[PDB]
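A.B. asks: the sequence isn't on hand, but the structure is:
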Ligand SMILES: CCCCCCCCCCC[C@@H](O)CC(=O)O[C@@H]1[C@@H](N)[C@@H](OP(=O)(O)OP(=O)(O)OC[C@H]2O[C@@H](n3ccc(=O)[nH]c3=O)[C@H](O)[C@@H]2O)O[C@H](CO)[C@H]1O
Ligand SMILES: CCCCCCCCCCC[C@@H](O)CC(=O)O[C@@H]1[C@@H](N)[C@@H](OP(=O)(O)OP(=O)(O)OC[C@H]2O[C@@H](n3ccc(=O)[nH]c3=O)[C@H](O)[C@@H]2O)O[C@H](CO)[C@H]1O
Ligand SMILES: [Zn+2]
Ligand SMILES: [Zn+2]
Ligand SMILES: [Zn+2]
Ligand SMILES: [Zn+2]
């Protein structure tokens, strides 16, 4: 019955926010069964609990950012959400004492490491799944996203940046979602960004904490990172990582086929809201995806 | 005493000359004891031979390039010489059917691979080293090279390229020369050029065969190669590789301390000619250098 | 690694060794795995491909060809092996075999490699022209044009060989085709089209073609040539209107330089002359400094038209730079 | 060796981005009881680098704090701690680490100490705490006398307080500290020479700055004042002289603007108008400040270059591009 999951220990990690550049102290904590991922601002008077819900998203400039009625915000929850979806965490309390989830290395690998270090305990209760009965679709001009019925969770992303440094790489990716598949193929894709649009973005108040150590700074004609790309086509891989993170905002893993072309955070959130609006287009189910089983590997001593 | 070495099998390799762009079918062949490395051109119906003597180097615009009296040239012999010096080959006939030793990947690693695949023999004859006796120094303005007496071969090269891409790496590297040390540290640094002056050099008849696959191309501010630098300070390491290759032009492994600053391919050859011109500065000796035996250590999990 | 299993672990270790530059160890690992008697056909082909890539990255080209010629007949690796062989035959300057491999690849479906066939044929014709043999150069140019009919290099080379032979009418016939074959490279033919028309003596048709070229937005070269001929045709001051009009639609440094020169030629002297001197000494001091041709795949900038861009090694990518910077 | 078999697989895994595996390998090696002291320190350093690459700064700091007492690793550990404290906007500790590094020999960290003090002052500035801002800037000046940021910040603080004589006295030091950045002071300096009331000294200083090839901004300001003083003719003469001696697109646009005012109406004037419409757009579109270590071009002065993260390496672009 798949069974719900949570953490075993209160696991912390400091970082530098990508879109604010302020020191942040992420503190993942366990929760009982039937709690859902609830984000929490802790530096505020009382706390400001943001129950993960597609409607909370109200700012999608370059980071799916929660905003309650009082303008208290927690930005850049895309990658942490992607990690939680990868490990299938349904009950976890995320606390940040600064108004944004840290960035770590610009991917979900650090968050996967933190969650695994905490340990994925399994609770005694069925795991709620959002199964897509009827095909739904949303469009934003030349960008579009589409949810289709499926006996699983499959993603199919395409990008087109008309950029000499990104077109050379693979521009289409597709997979059947699974804990091991996510951990091995998508958890490492970095936060690709262009060097030309940094002066402007930093002026506007975004990407104040981004540096070569947490992004693929692509200049006008080539990737500027010394190491290079972790994957030969990690731009689309990271875009699908952001897609998983955005789609997890509903609080539960989704069952369906998600096909996207040039989708962003705004489009993914709009698609999720559209699906959740049609009461007949989605239903609650259990035991539809083969998550878990993060197989270990040999540890030779030499 | 250290024994002279040659190859056990004739070994071929077809590459592209860096400074000509032609297809060169390099062929390394063994020679008997007491013959010295001799370069040779094969496309010429009468085969023409260049004995390895410092005086042979006559054009050094960007690469130590042998030239005889009739203007028959074998350019870019500064990397193959580097590999031979690293492995201490004393008798070998190098043949090229086009006027340039190939460049391979820019470094001297492919030549070490070719020589090791050929297999290095040990002739039953003494190995002549050219050991220095008196300090000899030559300067070309700011650039200066210096040989000092020493019980071995030790290089202390330096570089001062006023360029943001080369100034962030150690502009100094010193090592105690030895076959294993050479094969491990210096025998992979690639030839590095600037993309700013490639439109010009190719117009002057140089760097025609160059490309990202056989050089480190540092643009105005950073290294453009997708792989990146093999080391952290590959530039000085390759400059010292060129230094070893150029110093090998005397035909024998040299013994001493070679300290250089901004030394090119002309200054090294000038230093070698000056050293060999003084009869009281150098002498032929035997068995005075560190081990030249490669170590097959790598065997991890 | 060495803890990821076998065979595939060997392949990953060899790839890492090649990337780090330790070429000898990469070949040693790949060859040891290939010589293993416990490998399957698919694994042997994978090993041979990796060994060929190792040799190619180490510069030993004939060994790379030997290790890649064994994958062309294999369905899985045919296209990749042929691509690598095409790269080898490009680098080692063997144009005929490169053409043969490109024809194989185009027969296999990849139709993008027809421009490269035309360029290889043009390179062979250039080699022949270096030995003063125009007939064979024309034959190779005709074959290349038959291979691809949307290559400006073939037309320019045909014009060059015709001018060498003296068939100037055919030289014009071939050169003018570049207008329809590729607009961005029109400026390359004007230097020779002028000579062709001068030898033919059809000055009126030369002016007509220049007018058409400028109306078609060919570049600053056509505008300058047309203005130069007009100055002699119908005076300077009276005919300065045309340069002014062409200026407004497509202003460029190379154009206003001529207008400043015209102002200098007929001026009222005094402070205005001193100004129009200090300027017209500066626009002209960055008209020659700025690069004229740029590669639209890797940003390479050069003062001459490199058909084979040195950086990315892509054929027919360097084109004139347009907009307040040159042609 | 067996130990060196680890710390090379771990480095590979970290480079590939699989921090979950590199950290695991290094931690397992560290937990082993067979590690010698030096090997244990090497493992600690590798684990700290793993954490820093993965972005878990609170753990990289903890790991690197175990190496500051070991003679061999003191430089590396302190440098990594400085990078961590710069990254996570914590300057009051970055200053301590940099001062320890200075005491341990590295004398090129005085610039970064001055910049940390300036950043702290900036934090205390904008909250109307100018007294502590000035105190911190004075400390930074004491830690380095060859920093232009300290002088400019002190000028700003004096201007906010109101003491303009001291403002000009401090601002003028930029010429002796770093000439390339003098163009930054001019704007501010102008105000402190206008409301102060010393116009003659302002003109004299502008003339001196121009003669010292200060830049295009100084030349333009000098041309404007010469115009307002002695008519447009003298201004045009001076601008022509400076353009011939020092060519800059901005001065070229100024010369075009002065030419337009003196020109008989005609289609030539309209051609000059369109030339202005293009050249002014180009000059307003070109970058102003460029970094001298990574080729980053920004339209406003960045003290901490975003790309190479090196302090005080962004200087005004000099030549035919901009200033
Ligand atoms: C100097 C030292 C520098 C140090 C480090 C700097 C970097 C730091 C890391 C963060 C950088 C950020 O800057 C994030 C960053 O660069 O990535 C975002 C990325 N997510 C996505 O944008 P996103 O979906 O968030 O939001 P938009 O509403 O803007 O998307 C709609 C708009 O984007 C176009 N679009 C969108 C998606 C697609 O598939 N194709 C495509 O064309 C679409 O045509 C329209 O124009 O597209 C862009 C692709 O990198 C960026 O904006
Ligand atoms: C599209 C991309 C296609 C691929 C292009 C990439 C390259 C492949 C093509 C082959 C290029 C080769 O040729 C390698 C190449 O370019 O590197 C040569 C290199 N050997 C050496 O050459 P050389 O010894 O003759 O010195 P120069 O006088 O020429 O150097 C001038 C000034 O440099 C200072 N200086 C000089 C020497 C020294 O020891 N120290 C030092 O500081 C000194 O101030 C002097 O005045 O110096 C330079 C350093 O890379 C280059 O010239
Ligand atoms: Zn993202
Ligand atoms: Zn070299
Ligand atoms: Zn290119
Ligand atoms: Zn910088």
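C.D. replies: Sure, I can see it. Residues are numbered from 1 along each chain as shown, chains lettered A, B, ... in the order given. Ligands and ions are numbered 1, 2, ... in the order given.
A.B. asks: contact partners for the spatially most central residue of chain A?
C.D. replies: Central residue check for chain A by C-alpha atoms, centre = their mean: the C-alpha nearest the mean position is that of residue A:245, 2.2 Å away. For residue A:245, the contacting residues are A:64, A:77, A:78, A:79, A:80, A:81, A:82, A:85, A:108, by C-beta atoms under 8 Å, 6 or more residues apart in numbering or on different chains. (Each C-beta comes from the backbone N, C-alpha and C, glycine too.)
A.B. asks: how close does the fifth one get to residue A:18?
C.D. replies: To tie it back to what came earlier, the one meant is residue A:80. Taken as C-beta to C-beta, to the nearest Å, the spacing of residue A:80 relative to residue A:18 amounts to 12 Å.
A.B. asks: now the third one
C.D. replies: Per C-beta to C-beta, residue A:78 is found 10 Å from residue A:18.
A.B. asks: what touches both of these two?
C.D. replies: Common contact partners of residue A:78 and residue A:18 (C-beta under 8 Å, 6+ apart): residue A:63.
A.B. asks: quick one: the residue nearest to the centre of chain A is in a helix?
C.D. replies: Yes - with DSSP: H, G, I helix; E, B strand; the rest coil as the criterion, residue A:245 is part of a helix.
A.B. asks: show me where the stretch 51-200 of chain A has its strands.
C.D. replies: In the stretch 51-200 of chain A, the strands defined using DSSP state E, counting those that start in this stretch lie at A:57-59, A:65-67, A:73-74, A:92-96, A:120-122, A:129-132, A:136-139, A:144-148, A:153-158, A:172-176, A:193-194.
A.B. asks: now swap in the stretch 201-302 of chain A and tell me
C.D. replies: Read by DSSP E, counting those that start in this stretch, the stretch 201-302 of chain A holds these strands, from start to end of the chain: A:217-218, A:254-261, A:282-285.
A.B. asks: quick one, domains of the chain?
C.D. replies: This is for chain A. Using CATH domains of a matching chain, the domain ranges for chain A come out as A:1-128, A:129-302.
A.B. asks: sorry, should have said chain C
C.D. replies: Domains of chain C are assigned by automatic domain parsing as C:1-109, C:114-201, C:217-288, C:290-327.
A.B. asks: before we move on, back to that, which stretch among the domains of chain A comes nearest ligand 5?
C.D. replies: Ranking the domains of chain A by distance to ligand 5, with C-beta to the ion as the measure, places domain A:129-302 first at 8.9 Å.
A.B. asks: check contacts around residue C:236.
C.D. replies: For residue C:236, the contacting residues are C:262, C:265, C:266, by C-beta under 8 Å, 6+ apart.
A.B. asks: correct me, but the last one touches residue C:237?
C.D. replies: Which is residue C:266. Yes - counting by C-beta atoms under 8 Å, residue C:266 sits close enough to residue C:237 to count as a contact (6.1 Å).
A.B. asks: what helix or strand is the residue in the stretch 51-200 of chain C positioned nearest to ligand 1 on?
C.D. replies: Each residue of the stretch 51-200 of chain C has a distance to ligand 1, by C-beta to the nearest ligand atom, and the smallest belongs to residue C:112, at 23.9 Å. Using DSSP states H and E, residue C:112 sits in no helix or strand.
A.B. asks: next, count neighbours for it.
C.D. replies: Other residues lying near residue C:112 total 9 when counted by other C-beta atoms under 10 Å in any protein chain shown.
A.B. asks: and residue A:88, by the same measure?
C.D. replies: Around residue A:88 there are 23 residues (other C-beta under 10 Å).
A.B. asks: so who does the closest residue to it other than its chain neighbours touch?
C.D. replies: Among residues not flanking residue A:88 along the chain, residue A:291 sits closest, at 4.3 Å (C-beta to C-beta, 6 or more residues apart in numbering or on different chains). The contact partners of residue A:291, taken as C-beta under 8 Å, 6+ apart, are A:2, A:88, A:178, A:179, A:253.
A.B. asks: ok, of the residues you listed, which one's closest to residue A:149?
C.D. replies: The nearest member of the contacts of residue A:291 to residue A:149, counting by C-beta to C-beta, is residue A:253 at 15.6 Å.
A.B. asks: now the one helix or strand residue C:30 maps to: buried residues?
C.D. replies: Element membership of residue C:30, judged by DSSP H and E, is helix C:23-35. Going by neighbour count (16 or more other C-beta atoms under 10 Å in any protein chain shown), the buried part of helix C:23-35 is C:23, C:24, C:25, C:26, C:27, C:28, C:29, C:30, C:31, C:33, C:34.
A.B. asks: so what's the last one closest to, chain neighbours aside?
C.D. replies: The shortest distance from residue C:34 to any residue that is not its chain neighbour, by C-beta to C-beta, 6+ apart, is 4.1 Å, and that residue is residue C:47.
A.B. asks: for the closest residue to residue C:69 other than its chain neighbours, give me its contacts.
C.D. replies: Sequence neighbours aside, residue C:85 is the residue nearest to residue C:69 in space, at 7.1 Å (criterion: C-beta to C-beta, 6+ apart). Contact criterion C-beta under 8 Å, 6+ apart gives C:65, C:68, C:69, C:72, C:101 as the residues in contact with residue C:85.
A.B. asks: repeat the analysis, applying 10 Å as the threshold.
C.D. replies: Neighbouring residues of residue C:85 by C-beta atoms under 10 Å, 6 or more residues apart in numbering or on different chains: C:52, C:56, C:64-65, C:68-69, C:71-72, C:97-98, C:100-102, C:104-105.
A.B. asks: assumed residue A:3 was part of a strand.
C.D. replies: No - counting by three-state DSSP, residue A:3 is located in no strand; its state is coil.
A.B. asks: how many neighbouring residues does the closest residue to it other than its chain neighbours have?
C.D. replies: Leaving out its chain neighbours, the residue that sits closest to residue A:3 by C-beta to C-beta, 6+ apart is residue A:122, at 4.9 Å. The criterion is other C-beta under 10 Å. On that basis, residue A:122 has 13 neighbouring residues.
A.B. asks: with residue A:120 instead?
C.D. replies: By the measure other C-beta under 10 Å, the count of residues near residue A:120 is 17.
A.B. asks: show me what from chain A comes close to ligand 3.
C.D. replies: Counting by C-beta under 5 Å from the ion, the positions of chain A adjacent to ligand 3 are A:78, A:191, A:242.
A.B. asks: top of these by number of neighbours, please.
C.D. replies: With neighbours defined as other C-beta under 10 Å, the most crowded of the residues of chain A next to ligand 3 is residue A:78; it has 26 neighbours.
A.B. asks: any idea how far that residue is from residue A:266?
C.D. replies: As judged by C-beta to C-beta, residue A:78 and residue A:266 stand 12 Å apart.
A.B. asks: hey, where'd the strands end up in chain C?
C.D. replies: C:293-295, C:301-302, C:318-320 (DSSP state E).
A.B. asks: now these as TSV including distance to ligand 4?
C.D. replies: As requested, these are exported to TSV (distance: least, C-beta to the ion, whole Å):
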stretch	distance to ligand 4
strand C:293-295	27
strand C:301-302	25
strand C:318-320	28
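A.B. asks: make TSV from those and add mean neighbour count and distance to residue C:226 to it.
C.D. replies: Formatted as TSV, these follow (neighbours: other C-beta atoms under 10 Å in any protein chain shown; distance: least, C-beta to C-beta, whole Å):
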stretch	mean neighbour count	distance to residue C:226
strand C:293-295	21	22
strand C:301-302	18	27
strand C:318-320	22	17
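A.B. asks: relative to chain B, which of the ones you listed is closest?
C.D. replies: Evaluated with C-beta to the nearest C-beta, those place strand C:301-302 nearest to chain B, the distance being 4.4 Å.
A.B. asks: can you list the residues that contact the closest one?
C.D. replies: B:195-196, B:198-200, B:202-203, C:290-295, C:309-311, C:318, C:321, C:325.
A.B. asks: look up phi and psi at residue A:22.
C.D. replies: Comment: the main-chain dihedrals of residue A:22 come out as phi -100, psi 140, following degrees, to the nearest 10.
A.B. asks: nearest spatial neighbour of it, skipping sequence neighbours?
C.D. replies: residue A:98 (4.7 Å).
A.B. asks: tell me the contacts of the one you found?
C.D. replies: With C-beta under 10 Å, 6+ apart as the criterion, the residues that contact residue A:98 are A:14-17, A:20-26, A:41-43, A:74.
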